[PDB]
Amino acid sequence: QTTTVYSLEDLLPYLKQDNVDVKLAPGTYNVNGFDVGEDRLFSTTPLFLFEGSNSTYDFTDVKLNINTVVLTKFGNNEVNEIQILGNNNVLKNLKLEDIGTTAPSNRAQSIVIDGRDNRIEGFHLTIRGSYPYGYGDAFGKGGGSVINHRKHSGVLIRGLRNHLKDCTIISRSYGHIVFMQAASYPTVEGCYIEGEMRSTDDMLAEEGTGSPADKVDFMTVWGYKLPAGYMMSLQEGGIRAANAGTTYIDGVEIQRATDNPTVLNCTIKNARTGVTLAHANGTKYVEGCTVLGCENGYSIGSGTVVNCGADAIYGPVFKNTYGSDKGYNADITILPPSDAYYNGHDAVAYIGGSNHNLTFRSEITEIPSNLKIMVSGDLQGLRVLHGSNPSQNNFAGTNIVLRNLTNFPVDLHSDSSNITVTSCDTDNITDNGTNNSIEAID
């Protein structure tokens, strides 16, 4: 009942068919610039457009090598290597690697998942080729950039009930590793997600070289010269819900926020954010995850984070995004450091909003002197200095349960009120808020 094909040329017709069971024979397949043309195999982008429904595609032992020059062969248009438009499709075990580091002419997304009830399982994806690469988002991630960009993202989850399962996503590109736009009930489960880091001091050492950052005198889009002392990711989000977007389901174009995301048992390493879902609506659930060396650990806005862990070497494990945050319930383990501490944010957590139930657990005995649990106050975060992103800093906290089962100190700012604090040690808790309760525990 399974059709096996032995070339990308013979694969493509099946992508336009419904109810097919297709296997691409074990082997290596190469997509290079010569392969993209009007009379060539890849006439249009997306390269692999899964338009059919109710189909299964097996890519076991398939290595698909896509030369990044392909990202420049479609004019000034977005290039997507893989897009699923149908429903009830299963794609499994493909190994996809972006070859070379050539930047996209405009922008690129390796995999885009529209439709409903699709699953991508067991993929191994390596993302390469973007501009600028080496600065993170310091000189622009959207419009009005200090340095113009050609972003390359990895997996874009849209549609309805679409599922990313047991995948490895390695990024060496300036883009989100895994993100959700206009997605209803997306689920990310069992995935390993990894980017790479670079200190702002290393960036600043480009002074005099004529680098692109050197030529703008390191003036960031946040309004100030790039500060030393921070560790940045070269990628954007690890698992992120975008603000708003467009998806396609059953020939219906839909503009909406992401809603009801679920993230289960994922390890995220060296991204801008471990798991950030504050922009998603509906029920948010994050369970069993590990976040290592990210600039921020967990920021889902509201919902549940349970049985999760983050280390604190490069940024806070937990951040309330806005003062409008409400009903954030979290049980987070501060993991032992995966590398030396280089956390310029001067906080292991920033807590604000109202009606939160927060538990922090750790075995760490050696606490860096700048690391503190903050309830309200002026976070020294890289992107919120000197009034930048003002809704994400300097906001009040009210009616919050804080169970500090850690040796980390707690600072309650004067904008904090009705904070119920239990801690291993209350001697390192400073309270300048209103009607805060502070009880020690064994």
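The first residue of the shown sequence is 1; numbering continues from there.
- If you average the C-alpha B-factors over 258-266 and over 201-209, the higher value belongs to 201-209.
- Higher mean CA B-factor, judged across 327-335 and 156-164 from the recorded values: 327-335.
- Across the residues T60, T44, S55, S376, the deposited record lists the maximum Cα B factor for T44.
- Looking at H356, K151, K215, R272, the one whose CA carries the top B-factor in the deposited record is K151.
- In the deposited entry, the Cα temperature factor of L15 places it in the middle third of its chain's modelled residues.
- Ranked by Cα temperature factor within the chain, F74 sits in the middle third according to the deposited record.
- For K372, the recorded CA temperature factor ranks within the highest third of the chain's modelled residues.
- Looking at the C-alpha B-factors along this chain, the one for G387 belongs to the lowest third.
- Per-chain ranking of the deposited C-alpha B factor places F408 in the middle third.
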